[PDB]
file model-v9.cif (mmCIF, C-alpha atoms and all ligand atoms)
data_entry
loop_
_atom_site.label_atom_id
_atom_site.label_comp_id
_atom_site.auth_asym_id
_atom_site.auth_seq_id
_atom_site.Cartn_x
_atom_site.Cartn_y
_atom_site.Cartn_z
CA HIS A 231 3.22 -11.34 -2.90
CA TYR A 232 4.61 -7.94 -3.91
CA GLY A 233 8.26 -7.18 -4.48
CA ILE A 234 10.76 -5.58 -6.82
CA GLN A 235 13.85 -7.15 -8.35
CA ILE A 236 16.90 -5.74 -10.12
CA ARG A 237 19.64 -7.78 -11.81
CA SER A 238 22.72 -5.60 -11.58
CA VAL A 239 25.76 -6.52 -13.67
CA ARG A 240 29.35 -5.54 -13.00
CA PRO A 241 31.64 -4.16 -15.75
CA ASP A 242 33.16 -7.66 -16.06
CA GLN A 243 29.62 -8.94 -16.87
CA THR A 244 29.03 -10.63 -13.50
CA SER A 245 25.50 -10.49 -12.12
CA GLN A 246 24.01 -9.90 -8.67
CA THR A 247 20.30 -9.69 -7.83
CA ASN A 248 18.88 -7.40 -5.15
CA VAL A 249 15.25 -8.07 -4.19
CA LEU A 250 13.15 -5.73 -2.06
CA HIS A 251 10.19 -7.41 -0.38
CA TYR A 252 7.10 -5.77 1.07
CA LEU A 253 5.97 -6.97 4.48
CA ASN A 254 2.38 -6.57 5.61
CA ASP A 255 3.61 -4.91 8.81
CA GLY A 256 4.63 -1.89 6.70
CA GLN A 257 8.40 -2.34 6.52
CA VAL A 258 10.46 -3.50 3.55
CA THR A 259 13.32 -5.98 3.36
CA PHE A 260 16.41 -6.04 1.16
CA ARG A 261 17.42 -9.50 -0.06
CA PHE A 262 20.59 -10.85 -1.66
CA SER A 263 22.75 -13.96 -1.95
CA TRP A 264 26.54 -14.09 -1.63
CA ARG A 265 26.99 -17.85 -1.47
CA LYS A 266 24.18 -20.29 -2.13
CA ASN A 267 22.09 -19.03 0.87
CA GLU A 268 19.92 -15.91 1.15
CA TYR A 269 20.13 -12.95 3.53
CA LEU A 270 17.41 -10.53 4.65
CA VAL A 271 18.27 -6.94 5.61
CA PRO A 272 15.87 -4.03 6.30
CA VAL A 273 16.61 -1.36 3.74
CA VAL A 274 16.93 1.63 6.08
CA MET A 275 20.05 -0.11 7.37
CA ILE A 276 21.22 0.10 3.76
CA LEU A 277 19.86 3.60 3.07
CA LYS A 278 21.77 4.98 6.05
CA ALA A 279 24.92 3.08 5.03
CA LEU A 280 25.26 4.18 1.39
CA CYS A 281 25.66 7.90 2.06
CA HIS A 282 25.42 10.50 4.83
CA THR A 283 21.68 11.02 5.01
CA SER A 284 19.21 13.03 6.99
CA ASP A 285 15.99 11.32 7.94
CA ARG A 286 13.74 13.72 6.03
CA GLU A 287 15.85 12.97 2.94
CA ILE A 288 14.65 9.36 3.12
CA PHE A 289 11.16 10.89 3.27
CA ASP A 290 11.83 13.53 0.58
CA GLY A 291 13.33 11.00 -1.83
CA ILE A 292 10.43 8.56 -1.83
CA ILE A 293 7.75 11.23 -1.48
CA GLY A 294 7.89 13.83 -4.21
CA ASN A 295 5.67 16.87 -3.90
CA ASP A 296 2.77 14.52 -3.07
CA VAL A 297 2.81 15.07 0.67
CA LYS A 298 -1.00 14.85 0.66
CA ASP A 299 -0.89 11.21 -0.54
CA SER A 300 -1.84 9.57 2.74
CA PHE A 301 -1.14 6.05 1.45
CA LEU A 302 2.53 6.82 0.87
CA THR A 303 2.99 8.85 4.06
CA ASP A 304 1.50 6.23 6.38
CA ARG A 305 3.43 3.28 4.93
CA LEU A 306 6.61 5.33 5.27
CA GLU A 307 5.73 6.15 8.88
CA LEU A 308 6.08 2.46 9.70
CA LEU A 309 9.32 2.12 7.74
CA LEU A 310 11.23 4.89 9.49
CA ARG A 311 9.87 4.40 13.01
CA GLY A 312 10.38 0.64 12.72
CA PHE A 313 14.10 1.19 12.27
CA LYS A 314 14.21 3.53 15.28
CA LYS A 315 12.28 0.97 17.34
CA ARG A 316 14.45 -2.04 16.49
CA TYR A 317 17.73 -0.07 16.44
CA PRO A 318 17.92 2.72 19.03
CA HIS A 319 21.61 2.80 18.11
CA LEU A 320 22.85 3.02 14.49
CA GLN A 321 22.52 6.79 14.30
CA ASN A 322 25.10 7.93 11.73
CA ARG A 323 26.70 6.38 8.65
CA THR A 324 29.88 5.10 10.32
CA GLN A 325 27.87 3.26 13.00
CA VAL A 326 25.25 1.55 10.83
CA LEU A 327 28.06 0.37 8.59
CA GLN A 328 29.97 -1.31 11.42
CA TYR A 329 26.88 -3.29 12.41
CA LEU A 330 26.40 -4.36 8.80
CA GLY A 331 30.05 -5.41 8.63
CA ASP A 332 30.00 -7.23 11.96
CA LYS A 333 27.25 -9.68 10.99
CA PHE A 334 28.67 -10.44 7.54
CA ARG A 335 32.29 -10.62 8.66
CA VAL A 336 32.48 -14.41 8.88
CA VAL A 337 30.52 -14.99 5.65
CA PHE A 338 32.49 -12.59 3.44
CA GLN A 339 35.72 -14.29 4.65
CA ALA A 340 37.23 -11.03 5.87
CA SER A 341 40.70 -10.77 7.33
CA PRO A 342 41.55 -10.13 10.97
CA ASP A 343 43.03 -6.88 9.60
CA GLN A 344 39.83 -5.40 8.18
CA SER B 574 21.35 16.34 -7.37
CA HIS B 575 19.02 19.38 -7.47
CA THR B 576 15.64 17.89 -8.30
CA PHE B 577 13.40 17.13 -5.24
CA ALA B 578 11.11 14.79 -7.15
CA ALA B 579 9.81 11.22 -7.12
CA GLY B 580 6.81 9.15 -8.08
CA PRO B 581 4.92 8.44 -11.31
CA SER B 582 3.73 12.06 -11.60
CA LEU B 583 7.13 12.81 -13.15
CA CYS B 584 9.13 10.54 -15.42
CA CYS B 585 12.61 9.42 -14.41
CA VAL B 586 15.34 9.54 -17.04
CA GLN B 587 17.76 6.65 -16.55
CA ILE B 588 20.85 5.69 -18.54
CA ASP B 589 21.96 2.05 -18.06
CA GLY B 590 20.50 1.88 -14.56
CA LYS B 591 21.37 5.19 -12.91
CA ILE B 592 19.23 8.29 -12.51
CA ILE B 593 20.32 11.20 -14.67
CA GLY B 594 17.46 13.46 -13.66
CA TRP B 595 13.75 14.20 -13.64
CA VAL B 596 11.46 15.71 -16.28
CA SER B 597 7.72 15.90 -16.94
CA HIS B 598 5.74 13.37 -18.97
CA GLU B 599 4.96 15.94 -21.66
CA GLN B 600 8.56 17.04 -22.06
CA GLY B 601 9.76 13.47 -21.53
CA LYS B 602 8.13 12.35 -24.76
CA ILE B 603 9.51 15.33 -26.68
CA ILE B 604 13.05 14.47 -25.56
CA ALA B 605 12.39 10.83 -26.41
CA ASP B 606 11.24 11.78 -29.90
CA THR B 607 14.22 14.12 -30.23
CA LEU B 608 16.87 11.56 -29.26
CA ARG B 609 15.57 9.13 -31.88
CA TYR B 610 15.70 11.81 -34.57
CA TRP B 611 19.28 12.56 -33.49
CA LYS B 612 20.61 8.99 -33.37
CA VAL B 613 19.24 8.06 -36.79
CA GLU B 614 20.44 11.31 -38.30
CA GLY B 615 24.09 10.60 -37.56
CA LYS B 616 25.28 14.19 -37.12
CA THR B 617 25.23 14.16 -33.30
CA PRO B 618 28.61 13.03 -31.90
CA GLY B 619 27.26 11.43 -28.73
CA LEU B 620 24.26 9.32 -29.73
CA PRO B 621 24.97 5.87 -31.19
CA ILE B 622 22.57 4.13 -33.54
CA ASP B 623 22.78 1.08 -31.26
CA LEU B 624 21.15 2.96 -28.36
CA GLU B 625 17.83 1.74 -26.95
CA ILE B 626 15.56 4.58 -25.81
CA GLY B 627 12.59 3.00 -24.10
CA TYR B 628 10.06 5.68 -23.22
CA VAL B 629 7.21 4.35 -21.08
CA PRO B 630 4.34 6.88 -21.28
CA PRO B 631 2.08 7.48 -18.27
CA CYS C 1470 -22.41 6.28 9.22
CA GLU C 1471 -19.75 7.70 11.50
CA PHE C 1472 -18.25 6.31 14.68
CA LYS C 1473 -15.35 7.49 16.82
CA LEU C 1474 -12.65 5.04 17.86
CA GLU C 1475 -10.17 5.81 20.63
CA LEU C 1476 -6.80 4.32 21.57
CA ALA C 1477 -4.14 5.16 24.15
CA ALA C 1478 -0.66 6.57 23.54
CA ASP C 1479 1.23 3.33 24.20
CA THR C 1480 0.03 1.91 20.88
CA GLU C 1481 2.11 2.73 17.81
CA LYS C 1482 0.62 3.34 14.38
CA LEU C 1483 -1.95 0.99 12.88
CA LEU C 1484 -2.92 1.31 9.24
CA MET C 1485 -6.70 1.30 10.02
CA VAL C 1486 -7.66 1.48 6.33
CA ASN C 1487 -6.33 -1.92 5.32
CA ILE C 1488 -8.00 -3.07 8.54
CA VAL C 1489 -11.41 -1.58 7.67
CA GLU C 1490 -11.30 -2.84 4.07
CA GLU C 1491 -10.46 -6.38 5.17
CA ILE C 1492 -13.33 -6.35 7.70
CA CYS C 1493 -15.86 -4.76 5.34
CA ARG C 1494 -15.24 -7.60 2.87
CA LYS C 1495 -15.95 -10.18 5.61
CA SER C 1496 -19.01 -8.67 7.29
CA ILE C 1497 -22.14 -10.05 5.64
CA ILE C 1498 -25.45 -8.23 5.28
CA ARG C 1499 -27.68 -11.17 4.31
CA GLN C 1500 -25.95 -14.53 3.86
CA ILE C 1501 -27.36 -18.01 3.58
CA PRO C 1502 -24.47 -20.19 4.84
CA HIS C 1503 -22.29 -21.88 2.19
CA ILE C 1504 -24.18 -20.14 -0.66
CA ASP C 1505 -22.58 -17.22 -2.49
CA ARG C 1506 -24.86 -16.54 -5.47
CA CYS C 1507 -28.15 -17.68 -7.00
CA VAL C 1508 -28.54 -17.50 -10.79
CA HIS C 1509 -31.61 -18.02 -12.99
CA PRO C 1510 -30.32 -19.28 -16.37
CA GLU C 1511 -32.31 -19.84 -19.53
CA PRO C 1512 -34.50 -22.98 -19.39
CA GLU C 1513 -32.40 -25.80 -20.82
CA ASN C 1514 -34.33 -28.74 -22.35
CA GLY C 1515 -37.77 -27.63 -21.19
CA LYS C 1516 -37.53 -27.67 -17.40
CA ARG C 1517 -37.08 -24.53 -15.29
CA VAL C 1518 -33.72 -24.30 -13.52
CA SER D 2 8.67 20.26 9.84
CA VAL D 3 5.22 18.75 10.33
CA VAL D 4 4.13 16.51 7.45
CA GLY D 5 1.31 14.04 7.96
CA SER D 6 1.40 12.24 11.28
CA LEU D 7 5.20 12.49 11.57
CA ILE D 8 7.48 15.39 12.50
CA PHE D 9 11.12 16.15 11.77
CA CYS D 10 13.88 18.24 13.28
CA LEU D 11 14.42 21.70 11.83
CA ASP D 12 18.22 21.36 12.00
CA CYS D 13 19.16 17.79 11.04
CA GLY D 14 15.94 16.39 9.56
CA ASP D 15 15.81 13.50 12.00
CA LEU D 16 12.46 11.86 12.66
CA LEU D 17 11.36 13.03 16.09
CA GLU D 18 9.64 10.79 18.61
CA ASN D 19 5.90 10.37 18.99
CA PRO D 20 4.78 13.41 21.05
CA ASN D 21 2.59 11.30 23.35
CA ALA D 22 5.23 8.75 24.41
CA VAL D 23 7.53 11.51 25.74
CA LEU D 24 7.27 13.43 29.02
CA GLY D 25 5.35 16.65 28.70
CA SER D 26 6.14 20.13 27.32
CA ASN D 27 9.37 19.01 25.58
CA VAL D 28 10.25 16.86 22.57
CA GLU D 29 13.98 16.25 22.16
CA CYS D 30 15.87 15.17 19.05
CA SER D 31 18.39 12.34 19.17
CA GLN D 32 21.16 13.81 16.98
CA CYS D 33 20.98 17.58 17.40
CA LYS D 34 19.06 17.05 20.68
CA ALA D 35 17.16 20.24 19.86
CA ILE D 36 14.36 20.36 22.42
CA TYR D 37 11.05 21.31 20.78
CA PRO D 38 8.04 22.43 22.84
CA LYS D 39 5.39 19.70 22.87
CA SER D 40 2.76 22.44 23.17
CA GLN D 41 1.22 23.20 19.74
CA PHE D 42 3.16 21.39 17.13
CA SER D 43 -0.25 21.09 15.46
CA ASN D 44 -3.26 18.81 15.75
CA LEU D 45 -1.85 15.79 13.93
CA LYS D 46 -4.66 14.95 11.50
CA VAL D 47 -4.42 12.62 8.51
CA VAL D 48 -7.41 11.64 6.35
CA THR D 49 -7.26 8.51 4.18
CA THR D 50 -9.97 7.71 1.66
CA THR D 51 -10.20 4.05 0.63
CA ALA D 52 -8.56 2.81 -2.54
CA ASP D 53 -11.65 3.11 -4.89
CA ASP D 54 -10.85 -0.42 -6.12
CA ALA D 55 -11.23 -1.87 -2.63
CA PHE D 56 -14.96 -2.69 -2.73
CA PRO D 57 -15.95 -4.30 -6.05
CA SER D 58 -19.67 -4.87 -6.46
CA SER D 59 -22.47 -4.98 -8.99
CA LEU D 60 -23.52 -1.48 -7.92
CA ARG D 61 -20.12 0.18 -8.34
CA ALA D 62 -20.23 -0.81 -12.03
CA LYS D 63 -23.33 1.38 -12.46
CA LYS D 64 -21.40 4.47 -11.30
CA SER D 65 -19.00 4.98 -14.21
CA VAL D 66 -21.34 3.60 -16.88
CA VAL D 67 -24.25 5.92 -16.07
CA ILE E 1225 -14.33 -36.82 -9.01
CA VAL E 1226 -12.24 -39.91 -9.64
CA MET E 1227 -8.75 -39.22 -8.33
CA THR E 1228 -8.98 -36.90 -5.32
CA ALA E 1229 -12.64 -37.32 -4.25
CA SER E 1230 -12.64 -33.73 -3.09
CA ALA E 1231 -15.17 -32.58 -0.54
CA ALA E 1232 -13.58 -29.16 -1.08
CA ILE E 1233 -14.79 -29.06 -4.67
CA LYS E 1234 -13.59 -26.09 -6.71
CA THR E 1235 -17.01 -24.94 -7.97
CA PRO E 1236 -19.96 -26.43 -6.08
CA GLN E 1237 -23.41 -25.90 -7.53
CA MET E 1238 -27.00 -26.86 -6.85
CA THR E 1239 -29.93 -26.97 -9.28
CA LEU E 1240 -33.31 -25.84 -7.97
CA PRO E 1241 -36.43 -26.77 -9.98
CA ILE E 1242 -38.99 -23.98 -10.04
CA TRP E 1243 -42.63 -24.87 -9.47
CA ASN E 1244 -44.87 -24.29 -12.47
CA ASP E 1245 -47.25 -22.15 -10.40
CA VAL E 1246 -44.70 -19.40 -9.76
CA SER E 1247 -43.57 -17.26 -12.69
CA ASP E 1248 -40.24 -15.91 -13.91
CA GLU E 1249 -40.75 -12.58 -12.15
CA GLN E 1250 -41.26 -14.43 -8.86
CA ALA E 1251 -37.94 -16.24 -9.46
CA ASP E 1252 -35.41 -13.49 -10.17
CA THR E 1253 -36.80 -11.51 -7.23
CA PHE E 1254 -36.33 -14.70 -5.19
CA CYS E 1255 -32.66 -15.22 -6.09
CA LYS E 1256 -31.81 -11.86 -4.50
CA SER E 1257 -32.86 -13.26 -1.11
CA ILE E 1258 -30.49 -16.22 -1.52
CA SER E 1259 -27.50 -14.48 -3.11
CA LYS E 1260 -25.22 -13.06 -0.47
CA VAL E 1261 -24.77 -9.35 0.17
CA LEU E 1262 -21.52 -8.12 1.64
CA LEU E 1263 -21.02 -4.92 3.58
CA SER E 1264 -18.38 -4.25 0.91
CA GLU E 1265 -21.19 -4.21 -1.68
CA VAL E 1266 -22.99 -1.19 -0.19
CA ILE E 1267 -20.13 1.22 0.58
CA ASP E 1268 -19.08 3.99 -1.79
CA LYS E 1269 -16.02 5.10 0.20
CA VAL E 1270 -14.62 5.18 3.74
CA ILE E 1271 -12.66 8.14 5.13
CA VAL E 1272 -10.72 7.67 8.35
CA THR E 1273 -9.53 10.72 10.28
CA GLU E 1274 -6.68 9.92 12.66
CA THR E 1275 -6.04 12.69 15.19
CA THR E 1276 -3.34 12.46 17.85
CA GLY E 1277 -2.31 15.21 20.25
CA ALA E 1287 -5.13 9.64 22.77
CA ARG E 1288 -5.31 8.15 19.27
CA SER E 1289 -8.68 9.17 17.83
CA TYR E 1290 -9.98 7.49 14.67
CA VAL E 1291 -13.07 9.02 13.04
CA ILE E 1292 -14.36 6.19 10.85
CA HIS E 1293 -16.77 7.83 8.39
CA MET E 1294 -18.19 5.27 5.95
CA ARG E 1295 -20.14 6.63 2.98
CA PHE E 1296 -22.73 4.42 1.32
CA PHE E 1297 -24.67 4.56 -1.90
CA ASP E 1298 -28.09 6.20 -2.00
CA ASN E 1299 -30.98 4.47 -0.23
CA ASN E 1300 -32.80 4.66 -3.58
CA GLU E 1301 -29.80 2.77 -5.04
CA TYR E 1302 -28.79 -0.13 -2.76
CA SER E 1303 -32.30 -0.98 -1.54
CA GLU E 1304 -33.18 -1.66 -5.19
CA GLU E 1305 -30.09 -3.59 -6.30
CA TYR E 1306 -29.70 -5.80 -3.23
CA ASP E 1307 -33.01 -4.89 -1.49
CA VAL E 1308 -31.09 -4.14 1.71
CA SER E 1309 -33.21 -1.95 3.94
CA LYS E 1310 -31.99 1.01 5.95
CA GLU E 1311 -32.64 -0.56 9.36
CA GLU E 1312 -30.99 -3.86 8.44
CA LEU E 1313 -27.84 -1.98 7.39
CA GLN E 1314 -27.65 -0.32 10.82
CA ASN E 1315 -27.65 -3.62 12.71
CA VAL E 1316 -24.84 -5.10 10.60
CA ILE E 1317 -22.73 -2.11 11.60
CA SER E 1318 -23.92 -2.43 15.20
CA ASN E 1319 -23.89 -6.20 15.75
CA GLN E 1320 -21.75 -7.69 12.97
CA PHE E 1321 -19.18 -5.19 11.67
CA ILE E 1322 -17.81 -3.67 14.88
ZN ZN F 1601 17.98 17.40 15.46
#

call {"tool": "encode", "arguments": {"input": "model-v9.cif", "output": "structure tokens"}}
result
Amino acid sequence: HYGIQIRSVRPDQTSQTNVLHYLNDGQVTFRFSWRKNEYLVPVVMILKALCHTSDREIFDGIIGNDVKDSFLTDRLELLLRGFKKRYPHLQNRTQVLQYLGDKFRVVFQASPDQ
Amino acid sequence: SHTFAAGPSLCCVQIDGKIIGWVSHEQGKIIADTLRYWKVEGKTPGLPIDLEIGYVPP
Amino acid sequence: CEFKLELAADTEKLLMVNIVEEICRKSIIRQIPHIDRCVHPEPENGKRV
Amino acid sequence: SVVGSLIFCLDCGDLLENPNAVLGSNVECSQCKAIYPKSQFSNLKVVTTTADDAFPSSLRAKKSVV
Amino acid sequence: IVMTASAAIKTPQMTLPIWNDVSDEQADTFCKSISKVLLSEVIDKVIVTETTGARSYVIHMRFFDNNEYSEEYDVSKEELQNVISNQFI
């Protein structure tokens, strides 16, 4: 029943919600809506797509100096290893981002040129 | 860009939905009491009176 | 009370604290079935209740 | 590069594999492919006390009052 | 009552008339034997210790004092050991 929700607005005052859900397995799920149906993405696919990351920088950006907090470390164990388990590929930014563009190619009405 | 910080032990300073930086809770109230004294006193050329500075204390 | 608990290396990480909490809330010490609490209120209208 | 139950690479920060699902004496990264010796990373120990709100009772209420 | 006729009633109760021979001290020491006691209601804190490199979990569960839970719930020391042995594990 837990989750977070932002309502981002564009500079032309157009809105777009982005919901993160918490699964009881230990992983989290990005959620959005482009047309009138929803889509569910794991967020490490989106964390590795936004910029050129390390994998400790995902750890060092959620965890502060509270390395000894064993709640936060163990729930983040499942989040990072779960992405390596499901996706043995998708290793740098230009390869995660082609997978994310391949699934949403037909729904974002992309050209045959893109 | 040079902070290495997260969590509620610090307080995150955000302007319109982006992170500007990180500062302590004790200094984060002092620079939330300072920015209200500087937007009401209209001598500062960057702080509008129409600004909303919502400080959430720990 | 302290007991060891061993697993192999094929198994990936279990939380094992959300497991123990959700089993400690289900394991009963002394339960009469379908009864959760027994209260002695003040005696209303003479009779003991 | 050993924090909690997980370990990272010293050169690209990538999350290394579990050191008991890999063949012995060597743990290899997947981006730098920097082979780390499986012998003595550490003894991977993590202690986790319960949430202190997890077990509500009539007797826990006597702790903070008295 | 009227509309759903629920056998899964939201708050079931039961009223038990006390005999006039037994007194009020023999009643509130009797309701402790009926009211349920969870294993959650006896534990102060639990500390796991996961060691790997064979996944070894050291489940150390810390209770209240025996002068503290055997007075509130009247749970004895030997009854608490069998719930761990035969009911919890
Ligand atoms: Zn590497």

call {"tool": "interface_residues", "arguments": {"input": "model-v9.cif", "of": "chain A", "to": "chain B", "cutoff": "10 Å", "atoms": "all atoms listed in the file", "output": "MDAnalysis selection string"}}
result
chainID A and resid 236 238:239 287 290:296

call {"tool": "residues_near_ligand", "arguments": {"input": "model-v9.cif", "ligand": "ligand ZN 1601 (chain F)", "cutoff": "8 Å", "atoms": "all atoms listed in the file", "output": "PyMOL selection string"}}
result
chain D and resi 9-15+17+29-35

call {"tool": "write_last_selection", "arguments": {"input": "model-v9.cif", "atoms": "C-alpha atoms", "output": "PDB file, in the coordinates of the input"}}
result
ATOM      1  CA  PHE D   9      11.120  16.150  11.770  1.00  0.00           C
ATOM      2  CA  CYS D  10      13.880  18.240  13.280  1.00  0.00           C
ATOM      3  CA  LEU D  11      14.420  21.700  11.830  1.00  0.00           C
ATOM      4  CA  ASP D  12      18.220  21.360  12.000  1.00  0.00           C
ATOM      5  CA  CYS D  13      19.160  17.790  11.040  1.00  0.00           C
ATOM      6  CA  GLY D  14      15.940  16.390   9.560  1.00  0.00           C
ATOM      7  CA  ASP D  15      15.810  13.500  12.000  1.00  0.00           C
ATOM      8  CA  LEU D  17      11.360  13.030  16.090  1.00  0.00           C
ATOM      9  CA  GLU D  29      13.980  16.250  22.160  1.00  0.00           C
ATOM     10  CA  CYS D  30      15.870  15.170  19.050  1.00  0.00           C
ATOM     11  CA  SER D  31      18.390  12.340  19.170  1.00  0.00           C
ATOM     12  CA  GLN D  32      21.160  13.810  16.980  1.00  0.00           C
ATOM     13  CA  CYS D  33      20.980  17.580  17.400  1.00  0.00           C
ATOM     14  CA  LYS D  34      19.060  17.050  20.680  1.00  0.00           C
ATOM     15  CA  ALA D  35      17.160  20.240  19.860  1.00  0.00           C
TER      16      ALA D  35
END

call {"tool": "interface_residues", "arguments": {"input": "model-v9.cif", "of": "chain E", "to": "chain D", "cutoff": "9 Å", "atoms": "only C-alpha atoms", "output": "PyMOL selection string"}}
result
chain E and resi 1262+1264-1277+1287+1297+1301-1302+1305-1306

call {"tool": "closest_residue", "arguments": {"input": "model-v9.cif", "among": "E:1289, E:1315, E:1300, E:1232", "to": "chain C", "atoms": "only C-alpha atoms"}}
result
E:1289

call {"tool": "atom_distance", "arguments": {"input": "model-v9.cif", "atom1": "atom CA of residue 1477 of chain C", "atom2": "atom CA of residue 299 of chain A"}}
result
25.6 Å

call {"tool": "atom_distance", "arguments": {"input": "model-v9.cif", "atom1": "atom CA of residue 1491 of chain C", "atom2": "atom CA of residue 256 of chain A"}}
result
15.8 Å

call {"tool": "closest_atom_pairs", "arguments": {"input": "model-v9.cif", "of": "chain C", "to": "chain E", "cutoff": "6 Å", "atoms": "only C-alpha atoms", "output": "CSV"}}
result
residue,atom,partner,partner_atom,distance
C:1470,CA,E:1294,CA,5.4
C:1471,CA,E:1293,CA,4.3
C:1472,CA,E:1292,CA,5.5
C:1473,CA,E:1291,CA,4.7
C:1474,CA,E:1290,CA,4.8
C:1475,CA,E:1289,CA,4.6
C:1476,CA,E:1288,CA,4.7
C:1477,CA,E:1287,CA,4.8
C:1478,CA,E:1287,CA,5.5
C:1493,CA,E:1264,CA,5.1
C:1494,CA,E:1264,CA,5.0
C:1496,CA,E:1321,CA,5.6
C:1497,CA,E:1262,CA,4.5
C:1498,CA,E:1261,CA,5.3
C:1499,CA,E:1261,CA,5.4
C:1500,CA,E:1260,CA,4.6
C:1505,CA,E:1260,CA,5.3
C:1506,CA,E:1259,CA,4.1
C:1507,CA,E:1259,CA,5.1
C:1517,CA,E:1242,CA,5.6
C:1518,CA,E:1241,CA,5.1

call {"tool": "atom_distance", "arguments": {"input": "model-v9.cif", "atom1": "atom CA of residue 601 of chain B", "atom2": "atom CA of residue 630 of chain B"}}
result
8.5 Å

call {"tool": "closest_residue", "arguments": {"input": "model-v9.cif", "among": "B:592, B:587, B:600, B:605", "to": "residue 628 of chain B", "atoms": "only C-alpha atoms"}}
result
B:605

call {"tool": "residues_around", "arguments": {"input": "model-v9.cif", "residues": "residue 254 of chain A", "least_positions_apart": "3", "cutoff": "12 Å", "atoms": "all atoms listed in the file", "output": "ChimeraX atom specification"}}
result
/A:231-233,251,257-259,305,308-309 /C:1483-1484,1487-1488

call {"tool": "closest_atom_pairs", "arguments": {"input": "model-v9.cif", "of": "chain A", "to": "chain E", "cutoff": "12 Å", "atoms": "all atoms listed in the file", "output": "Markdown table"}}
result
| residue | atom | partner | partner_atom | distance |
| --- | --- | --- | --- | --- |
| A:300 | CA | E:1272 | CA | 10.7 |
| A:301 | CA | E:1272 | CA | 11.9 |
| A:304 | CA | E:1274 | CA | 11.0 |
